[PDB]
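Undergrad: One file is attached below, entry22.txt, containing compact mmCIF, N, CA and C atoms.
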```txt
# COMPACT_ATOMS: atom_id res chain seq x y z
N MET L 1 -18.68 4.73 10.41
CA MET L 1 -19.46 5.24 11.55
C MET L 1 -18.61 6.24 12.33
N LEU L 2 -17.80 5.78 13.28
CA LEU L 2 -16.84 6.64 13.96
C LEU L 2 -15.71 6.98 12.98
N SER L 3 -14.78 6.04 12.74
CA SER L 3 -13.74 6.26 11.75
C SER L 3 -14.33 6.34 10.34
N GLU L 4 -13.57 6.94 9.42
CA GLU L 4 -13.86 7.01 8.01
C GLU L 4 -12.55 6.65 7.30
N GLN L 5 -12.56 5.51 6.61
CA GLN L 5 -11.40 4.96 5.94
C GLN L 5 -11.33 5.45 4.50
N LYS L 6 -10.23 5.15 3.80
CA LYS L 6 -10.12 5.47 2.39
C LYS L 6 -9.18 4.52 1.67
N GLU L 7 -9.32 4.52 0.35
CA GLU L 7 -8.39 3.94 -0.59
C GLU L 7 -7.27 4.94 -0.88
N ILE L 8 -6.09 4.43 -1.18
CA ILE L 8 -5.03 5.17 -1.84
C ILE L 8 -4.57 4.32 -3.02
N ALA L 9 -3.97 4.95 -4.03
CA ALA L 9 -3.39 4.29 -5.19
C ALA L 9 -2.10 5.01 -5.56
N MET L 10 -1.00 4.28 -5.76
CA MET L 10 0.30 4.87 -6.08
C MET L 10 1.23 3.87 -6.77
N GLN L 11 2.38 4.35 -7.27
CA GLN L 11 3.34 3.54 -8.01
C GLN L 11 4.38 2.98 -7.05
N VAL L 12 4.97 1.84 -7.43
CA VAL L 12 6.03 1.18 -6.68
C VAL L 12 7.29 1.11 -7.53
N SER L 13 8.45 0.97 -6.88
CA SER L 13 9.74 0.82 -7.54
C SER L 13 10.35 -0.50 -7.08
N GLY L 14 10.72 -1.36 -8.04
CA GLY L 14 11.45 -2.60 -7.79
C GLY L 14 10.68 -3.85 -8.19
N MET L 15 9.37 -3.74 -8.48
CA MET L 15 8.57 -4.88 -8.90
C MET L 15 9.15 -5.55 -10.15
N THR L 16 8.92 -6.86 -10.29
CA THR L 16 9.39 -7.67 -11.41
C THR L 16 8.25 -8.57 -11.91
N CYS L 17 7.01 -8.07 -11.83
CA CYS L 17 5.81 -8.78 -12.26
C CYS L 17 5.64 -10.09 -11.48
N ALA L 18 5.18 -11.18 -12.11
CA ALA L 18 5.13 -12.55 -11.58
C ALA L 18 4.85 -12.65 -10.07
N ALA L 19 3.77 -12.01 -9.61
CA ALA L 19 3.30 -12.06 -8.22
C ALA L 19 4.31 -11.53 -7.20
N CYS L 20 5.29 -10.74 -7.63
CA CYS L 20 6.28 -10.12 -6.76
C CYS L 20 5.63 -8.99 -5.97
N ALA L 21 5.12 -7.97 -6.68
CA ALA L 21 4.54 -6.80 -6.04
C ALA L 21 3.39 -7.17 -5.10
N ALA L 22 2.64 -8.20 -5.48
CA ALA L 22 1.62 -8.79 -4.63
C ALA L 22 2.13 -9.04 -3.20
N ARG L 23 3.36 -9.54 -3.05
CA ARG L 23 3.97 -9.76 -1.74
C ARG L 23 4.13 -8.44 -0.98
N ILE L 24 4.57 -7.39 -1.69
CA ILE L 24 4.75 -6.07 -1.11
C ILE L 24 3.45 -5.70 -0.40
N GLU L 25 2.36 -5.65 -1.17
CA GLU L 25 1.11 -5.16 -0.63
C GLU L 25 0.50 -6.16 0.35
N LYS L 26 0.66 -7.46 0.12
CA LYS L 26 0.22 -8.46 1.08
C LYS L 26 0.85 -8.23 2.45
N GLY L 27 2.12 -7.80 2.49
CA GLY L 27 2.71 -7.31 3.72
C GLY L 27 1.85 -6.20 4.34
N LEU L 28 1.45 -5.20 3.55
CA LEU L 28 0.60 -4.13 4.05
C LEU L 28 -0.78 -4.62 4.46
N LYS L 29 -1.32 -5.65 3.81
CA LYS L 29 -2.56 -6.28 4.25
C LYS L 29 -2.43 -6.82 5.69
N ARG L 30 -1.21 -6.99 6.22
CA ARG L 30 -0.98 -7.33 7.62
C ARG L 30 -0.74 -6.11 8.53
N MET L 31 -0.84 -4.86 8.04
CA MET L 31 -0.72 -3.68 8.90
C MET L 31 -2.03 -3.34 9.63
N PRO L 32 -1.96 -3.00 10.93
CA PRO L 32 -3.13 -2.75 11.76
C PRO L 32 -3.84 -1.47 11.31
N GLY L 33 -4.90 -1.57 10.51
CA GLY L 33 -5.64 -0.41 10.02
C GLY L 33 -5.95 -0.57 8.54
N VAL L 34 -5.28 -1.50 7.86
CA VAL L 34 -5.59 -1.85 6.48
C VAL L 34 -6.94 -2.57 6.41
N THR L 35 -7.62 -2.46 5.27
CA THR L 35 -8.81 -3.23 4.92
C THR L 35 -8.47 -4.20 3.80
N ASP L 36 -7.98 -3.69 2.67
CA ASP L 36 -7.66 -4.50 1.50
C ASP L 36 -6.43 -3.94 0.79
N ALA L 37 -5.75 -4.79 0.01
CA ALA L 37 -4.61 -4.46 -0.83
C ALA L 37 -4.84 -5.09 -2.20
N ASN L 38 -4.74 -4.31 -3.29
CA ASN L 38 -5.05 -4.75 -4.64
C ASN L 38 -4.02 -4.18 -5.61
N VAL L 39 -3.20 -5.05 -6.20
CA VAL L 39 -2.09 -4.67 -7.07
C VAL L 39 -2.52 -4.56 -8.54
N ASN L 40 -2.01 -3.55 -9.25
CA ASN L 40 -2.31 -3.24 -10.64
C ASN L 40 -1.04 -3.01 -11.46
N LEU L 41 -0.25 -4.08 -11.64
CA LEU L 41 0.98 -4.00 -12.40
C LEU L 41 0.76 -3.70 -13.88
N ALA L 42 -0.47 -3.87 -14.38
CA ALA L 42 -0.86 -3.39 -15.70
C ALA L 42 -0.56 -1.89 -15.84
N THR L 43 -0.49 -1.18 -14.71
CA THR L 43 -0.20 0.24 -14.63
C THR L 43 0.97 0.48 -13.67
N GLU L 44 1.77 -0.55 -13.36
CA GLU L 44 2.88 -0.48 -12.40
C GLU L 44 2.48 0.25 -11.11
N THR L 45 1.24 0.01 -10.65
CA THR L 45 0.61 0.76 -9.59
C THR L 45 -0.07 -0.24 -8.67
N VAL L 46 -0.25 0.14 -7.41
CA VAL L 46 -0.99 -0.64 -6.45
C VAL L 46 -1.95 0.27 -5.71
N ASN L 47 -3.08 -0.28 -5.28
CA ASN L 47 -4.02 0.42 -4.41
C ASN L 47 -4.17 -0.37 -3.13
N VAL L 48 -4.44 0.34 -2.04
CA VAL L 48 -4.60 -0.24 -0.73
C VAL L 48 -5.57 0.64 0.05
N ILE L 49 -6.46 0.01 0.81
CA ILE L 49 -7.52 0.65 1.56
C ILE L 49 -7.14 0.56 3.03
N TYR L 50 -7.23 1.68 3.75
CA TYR L 50 -6.86 1.73 5.16
C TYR L 50 -7.59 2.83 5.91
N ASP L 51 -7.50 2.78 7.24
CA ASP L 51 -8.14 3.71 8.15
C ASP L 51 -7.10 4.71 8.68
N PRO L 52 -7.15 6.00 8.30
CA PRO L 52 -6.17 7.01 8.69
C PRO L 52 -6.34 7.45 10.15
N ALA L 53 -6.83 6.56 11.02
CA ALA L 53 -6.81 6.71 12.46
C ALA L 53 -5.56 5.98 12.97
N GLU L 54 -5.41 4.73 12.52
CA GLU L 54 -4.24 3.91 12.77
C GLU L 54 -3.17 4.16 11.70
N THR L 55 -3.61 4.17 10.44
CA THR L 55 -2.82 3.74 9.29
C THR L 55 -2.94 4.54 8.01
N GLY L 56 -1.79 4.79 7.40
CA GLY L 56 -1.70 5.23 6.03
C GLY L 56 -0.25 5.24 5.60
N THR L 57 0.00 5.98 4.53
CA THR L 57 1.28 6.17 3.85
C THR L 57 2.45 6.27 4.83
N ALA L 58 2.29 7.01 5.93
CA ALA L 58 3.27 7.10 7.01
C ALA L 58 3.81 5.72 7.44
N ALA L 59 2.91 4.82 7.84
CA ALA L 59 3.29 3.49 8.30
C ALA L 59 3.71 2.65 7.10
N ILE L 60 2.98 2.86 6.00
CA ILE L 60 3.09 2.04 4.83
C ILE L 60 4.51 2.15 4.27
N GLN L 61 5.00 3.34 3.91
CA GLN L 61 6.36 3.49 3.38
C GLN L 61 7.37 2.75 4.26
N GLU L 62 7.30 3.01 5.56
CA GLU L 62 8.13 2.37 6.57
C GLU L 62 8.21 0.86 6.36
N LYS L 63 7.05 0.20 6.25
CA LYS L 63 7.05 -1.22 6.00
C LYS L 63 7.52 -1.54 4.59
N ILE L 64 7.06 -0.80 3.57
CA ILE L 64 7.41 -1.05 2.19
C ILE L 64 8.95 -1.11 2.03
N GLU L 65 9.66 -0.16 2.65
CA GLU L 65 11.12 -0.19 2.70
C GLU L 65 11.62 -1.56 3.15
N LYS L 66 11.05 -2.11 4.22
CA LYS L 66 11.42 -3.40 4.77
C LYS L 66 10.98 -4.59 3.91
N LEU L 67 9.84 -4.48 3.22
CA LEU L 67 9.49 -5.42 2.17
C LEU L 67 10.61 -5.48 1.12
N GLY L 68 11.42 -4.42 1.01
CA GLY L 68 12.60 -4.36 0.17
C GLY L 68 12.29 -3.62 -1.12
N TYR L 69 11.35 -2.67 -1.06
CA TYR L 69 10.94 -1.88 -2.21
C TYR L 69 10.72 -0.47 -1.72
N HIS L 70 10.70 0.51 -2.63
CA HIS L 70 10.29 1.86 -2.30
C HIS L 70 9.00 2.11 -3.07
N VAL L 71 8.01 2.67 -2.38
CA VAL L 71 6.78 3.16 -3.00
C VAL L 71 6.84 4.68 -3.15
N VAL L 72 6.20 5.25 -4.19
CA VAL L 72 5.98 6.70 -4.29
C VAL L 72 4.59 7.04 -3.79
N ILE L 73 4.34 8.33 -3.56
CA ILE L 73 3.02 8.89 -3.38
C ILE L 73 2.86 9.90 -4.51
N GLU L 74 2.01 9.54 -5.48
CA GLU L 74 1.66 10.41 -6.60
C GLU L 74 1.17 11.78 -6.12
N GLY L 75 2.06 12.78 -6.15
CA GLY L 75 1.73 14.14 -5.76
C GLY L 75 1.48 14.27 -4.26
N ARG L 76 1.03 15.46 -3.86
CA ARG L 76 0.88 15.87 -2.48
C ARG L 76 2.24 16.15 -1.85
```
How would this structure read if it were set down as structure tokens?

TA:
Amino acid sequence: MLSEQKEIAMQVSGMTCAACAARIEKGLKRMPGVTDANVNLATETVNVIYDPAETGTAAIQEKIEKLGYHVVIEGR
């Protein structure tokens, strides 16, 4: 309505399968502006839905670093 949210999808560095990366994104599921977080280690990739009024890659990387991993942004 007012805001317009979006999905993003990108690769992570440091995952070790076995519900590890899930913790990374579950951390982001606690960021103010996220909607959902969905991990795809079948492609060493994760997707996360957020509102770019509060939230996106800017805040996300910051937290991801503290989760103890580095995320990439595929291009741009």

Undergrad: In Å, how far is it from CA of residue 40 (chain L) to CA of residue 1 (chain L)?

TA: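 Taking CA of residue 40 (chain L) and CA of residue 1 (chain L), their separation equals 29.3 Å.
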
Undergrad: If DSSP is run on the backbone, what residues of chain L are strand (DSSP E)? A reply as a PyMOL selection string would be ideal.

TA: chain L and resi 6-13+34-40+45-50+70-71

Undergrad: What is the CA of residue 3 (chain L)-CA of residue 45 (chain L) distance in Å, reported with one decimal?

TA: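 One can read the CA of residue 3 (chain L) to CA of residue 45 (chain L) distance as 26.3 Å.
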
Undergrad: Kindly compute an axis-aligned box around the listed atoms of region 20-29 of chain L, allowing 8 Å on each side, and express its centre and edge lengths in Å to one decimal as JSON.

TA:
```
{"center_x": 1.9, "center_y": -7.4, "center_z": -1.0, "size_x": 24.8, "size_y": 22.6, "size_z": 29.3}
```

Undergrad: Find the residues near region 12-23 of chain L: any atom within 12 Å, counting only C-alpha atoms, skip ones fewer than 4 places away on the same chain, and give them as an MDAnalysis selection string.

TA: chainID L and resid 27:30 36:48 60:61 63:74

Undergrad: With N, CA and C atoms retained, write the just-selected residues as a PDB file, in the frame of the given file.

TA:
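What follows is the written file out-v2.pdb:
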```pdb
ATOM      1  N   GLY L  27       2.120  -7.800   2.490  1.00  0.00           N
ATOM      2  CA  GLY L  27       2.710  -7.310   3.720  1.00  0.00           C
ATOM      3  C   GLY L  27       1.850  -6.200   4.340  1.00  0.00           C
ATOM      4  N   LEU L  28       1.450  -5.200   3.550  1.00  0.00           N
ATOM      5  CA  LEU L  28       0.600  -4.130   4.050  1.00  0.00           C
ATOM      6  C   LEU L  28      -0.780  -4.620   4.460  1.00  0.00           C
ATOM      7  N   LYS L  29      -1.320  -5.650   3.810  1.00  0.00           N
ATOM      8  CA  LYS L  29      -2.560  -6.280   4.250  1.00  0.00           C
ATOM      9  C   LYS L  29      -2.430  -6.820   5.690  1.00  0.00           C
ATOM     10  N   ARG L  30      -1.210  -6.990   6.220  1.00  0.00           N
ATOM     11  CA  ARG L  30      -0.980  -7.330   7.620  1.00  0.00           C
ATOM     12  C   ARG L  30      -0.740  -6.110   8.530  1.00  0.00           C
ATOM     13  N   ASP L  36      -7.980  -3.690   2.670  1.00  0.00           N
ATOM     14  CA  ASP L  36      -7.660  -4.500   1.500  1.00  0.00           C
ATOM     15  C   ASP L  36      -6.430  -3.940   0.790  1.00  0.00           C
ATOM     16  N   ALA L  37      -5.750  -4.790   0.010  1.00  0.00           N
ATOM     17  CA  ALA L  37      -4.610  -4.460  -0.830  1.00  0.00           C
ATOM     18  C   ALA L  37      -4.840  -5.090  -2.200  1.00  0.00           C
ATOM     19  N   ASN L  38      -4.740  -4.310  -3.290  1.00  0.00           N
ATOM     20  CA  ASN L  38      -5.050  -4.750  -4.640  1.00  0.00           C
ATOM     21  C   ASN L  38      -4.020  -4.180  -5.610  1.00  0.00           C
ATOM     22  N   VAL L  39      -3.200  -5.050  -6.200  1.00  0.00           N
ATOM     23  CA  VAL L  39      -2.090  -4.670  -7.070  1.00  0.00           C
ATOM     24  C   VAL L  39      -2.520  -4.560  -8.540  1.00  0.00           C
ATOM     25  N   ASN L  40      -2.010  -3.550  -9.250  1.00  0.00           N
ATOM     26  CA  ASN L  40      -2.310  -3.240 -10.640  1.00  0.00           C
ATOM     27  C   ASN L  40      -1.040  -3.010 -11.460  1.00  0.00           C
ATOM     28  N   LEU L  41      -0.250  -4.080 -11.640  1.00  0.00           N
ATOM     29  CA  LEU L  41       0.980  -4.000 -12.400  1.00  0.00           C
ATOM     30  C   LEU L  41       0.760  -3.700 -13.880  1.00  0.00           C
ATOM     31  N   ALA L  42      -0.470  -3.870 -14.380  1.00  0.00           N
ATOM     32  CA  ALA L  42      -0.860  -3.390 -15.700  1.00  0.00           C
ATOM     33  C   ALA L  42      -0.560  -1.890 -15.840  1.00  0.00           C
ATOM     34  N   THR L  43      -0.490  -1.180 -14.710  1.00  0.00           N
ATOM     35  CA  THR L  43      -0.200   0.240 -14.630  1.00  0.00           C
ATOM     36  C   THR L  43       0.970   0.480 -13.670  1.00  0.00           C
ATOM     37  N   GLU L  44       1.770  -0.550 -13.360  1.00  0.00           N
ATOM     38  CA  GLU L  44       2.880  -0.480 -12.400  1.00  0.00           C
ATOM     39  C   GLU L  44       2.480   0.250 -11.110  1.00  0.00           C
ATOM     40  N   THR L  45       1.240   0.010 -10.650  1.00  0.00           N
ATOM     41  CA  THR L  45       0.610   0.760  -9.590  1.00  0.00           C
ATOM     42  C   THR L  45      -0.070  -0.240  -8.670  1.00  0.00           C
ATOM     43  N   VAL L  46      -0.250   0.140  -7.410  1.00  0.00           N
ATOM     44  CA  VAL L  46      -0.990  -0.640  -6.450  1.00  0.00           C
ATOM     45  C   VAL L  46      -1.950   0.270  -5.710  1.00  0.00           C
ATOM     46  N   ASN L  47      -3.080  -0.280  -5.280  1.00  0.00           N
ATOM     47  CA  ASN L  47      -4.020   0.420  -4.410  1.00  0.00           C
ATOM     48  C   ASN L  47      -4.170  -0.370  -3.130  1.00  0.00           C
ATOM     49  N   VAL L  48      -4.440   0.340  -2.040  1.00  0.00           N
ATOM     50  CA  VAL L  48      -4.600  -0.240  -0.730  1.00  0.00           C
ATOM     51  C   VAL L  48      -5.570   0.640   0.050  1.00  0.00           C
ATOM     52  N   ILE L  60       2.980   2.860   6.000  1.00  0.00           N
ATOM     53  CA  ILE L  60       3.090   2.040   4.830  1.00  0.00           C
ATOM     54  C   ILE L  60       4.510   2.150   4.270  1.00  0.00           C
ATOM     55  N   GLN L  61       5.000   3.340   3.910  1.00  0.00           N
ATOM     56  CA  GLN L  61       6.360   3.490   3.380  1.00  0.00           C
ATOM     57  C   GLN L  61       7.370   2.750   4.260  1.00  0.00           C
ATOM     58  N   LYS L  63       7.050   0.200   6.250  1.00  0.00           N
ATOM     59  CA  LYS L  63       7.050  -1.220   6.000  1.00  0.00           C
ATOM     60  C   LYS L  63       7.520  -1.540   4.590  1.00  0.00           C
ATOM     61  N   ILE L  64       7.060  -0.800   3.570  1.00  0.00           N
ATOM     62  CA  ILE L  64       7.410  -1.050   2.190  1.00  0.00           C
ATOM     63  C   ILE L  64       8.950  -1.110   2.030  1.00  0.00           C
ATOM     64  N   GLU L  65       9.660  -0.160   2.650  1.00  0.00           N
ATOM     65  CA  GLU L  65      11.120  -0.190   2.700  1.00  0.00           C
ATOM     66  C   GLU L  65      11.620  -1.560   3.150  1.00  0.00           C
ATOM     67  N   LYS L  66      11.050  -2.110   4.220  1.00  0.00           N
ATOM     68  CA  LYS L  66      11.420  -3.400   4.770  1.00  0.00           C
ATOM     69  C   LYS L  66      10.980  -4.590   3.910  1.00  0.00           C
ATOM     70  N   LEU L  67       9.840  -4.480   3.220  1.00  0.00           N
ATOM     71  CA  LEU L  67       9.490  -5.420   2.170  1.00  0.00           C
ATOM     72  C   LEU L  67      10.610  -5.480   1.120  1.00  0.00           C
ATOM     73  N   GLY L  68      11.420  -4.420   1.010  1.00  0.00           N
ATOM     74  CA  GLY L  68      12.600  -4.360   0.170  1.00  0.00           C
ATOM     75  C   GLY L  68      12.290  -3.620  -1.120  1.00  0.00           C
ATOM     76  N   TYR L  69      11.350  -2.670  -1.060  1.00  0.00           N
ATOM     77  CA  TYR L  69      10.940  -1.880  -2.210  1.00  0.00           C
ATOM     78  C   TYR L  69      10.720  -0.470  -1.720  1.00  0.00           C
ATOM     79  N   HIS L  70      10.700   0.510  -2.630  1.00  0.00           N
ATOM     80  CA  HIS L  70      10.290   1.860  -2.300  1.00  0.00           C
ATOM     81  C   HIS L  70       9.000   2.110  -3.070  1.00  0.00           C
ATOM     82  N   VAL L  71       8.010   2.670  -2.380  1.00  0.00           N
ATOM     83  CA  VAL L  71       6.780   3.160  -3.000  1.00  0.00           C
ATOM     84  C   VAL L  71       6.840   4.680  -3.150  1.00  0.00           C
ATOM     85  N   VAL L  72       6.200   5.250  -4.190  1.00  0.00           N
ATOM     86  CA  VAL L  72       5.980   6.700  -4.290  1.00  0.00           C
ATOM     87  C   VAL L  72       4.590   7.040  -3.790  1.00  0.00           C
ATOM     88  N   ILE L  73       4.340   8.330  -3.560  1.00  0.00           N
ATOM     89  CA  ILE L  73       3.020   8.890  -3.380  1.00  0.00           C
ATOM     90  C   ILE L  73       2.860   9.900  -4.510  1.00  0.00           C
ATOM     91  N   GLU L  74       2.010   9.540  -5.480  1.00  0.00           N
ATOM     92  CA  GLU L  74       1.660  10.410  -6.600  1.00  0.00           C
ATOM     93  C   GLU L  74       1.170  11.780  -6.120  1.00  0.00           C
TER      94      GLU L  74
END
```

Undergrad: Can you work out which one of L:75, L:34, L:50, L:26 has the shortest atom-to-atom distance to residue 6 (chain L), counting all atoms listed in the file?

TA: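 Distance minimum relative to residue 6 (chain L) lands on L:50.
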
Undergrad: Please report the interatomic distance between CA of residue 2 (chain L) and CA of residue 24 (chain L) in Å with one decimal.

TA: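 Those two atoms sit 29.2 Å apart.
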
Undergrad: Please provide the set of residues having any atom within 8 Å of residue 5 (chain L), restricted to only N, CA and C atoms, with same-chain residues fewer than 5 positions apart removed, written as a short mmCIF file (atom, residue, chain, number, x, y, z; two decimals) with N, CA and C atoms, keeping the file's coordinate frame.

TA:
```
data_model
loop_
_atom_site.label_atom_id
_atom_site.label_comp_id
_atom_site.auth_asym_id
_atom_site.auth_seq_id
_atom_site.Cartn_x
_atom_site.Cartn_y
_atom_site.Cartn_z
N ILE L 49 -6.46 0.01 0.81
CA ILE L 49 -7.52 0.65 1.56
C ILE L 49 -7.14 0.56 3.03
N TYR L 50 -7.23 1.68 3.75
CA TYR L 50 -6.86 1.73 5.16
C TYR L 50 -7.59 2.83 5.91
N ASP L 51 -7.50 2.78 7.24
CA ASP L 51 -8.14 3.71 8.15
C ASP L 51 -7.10 4.71 8.68
N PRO L 52 -7.15 6.00 8.30
CA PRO L 52 -6.17 7.01 8.69
C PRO L 52 -6.34 7.45 10.15
N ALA L 53 -6.83 6.56 11.02
CA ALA L 53 -6.81 6.71 12.46
C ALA L 53 -5.56 5.98 12.97
#
```

Undergrad: I need the residues of chain L that end up classed as helix (DSSP H, G or I) by DSSP on the backbone, written out as number ranges by chain.

TA: L: 20-28, 41-43, 57-67
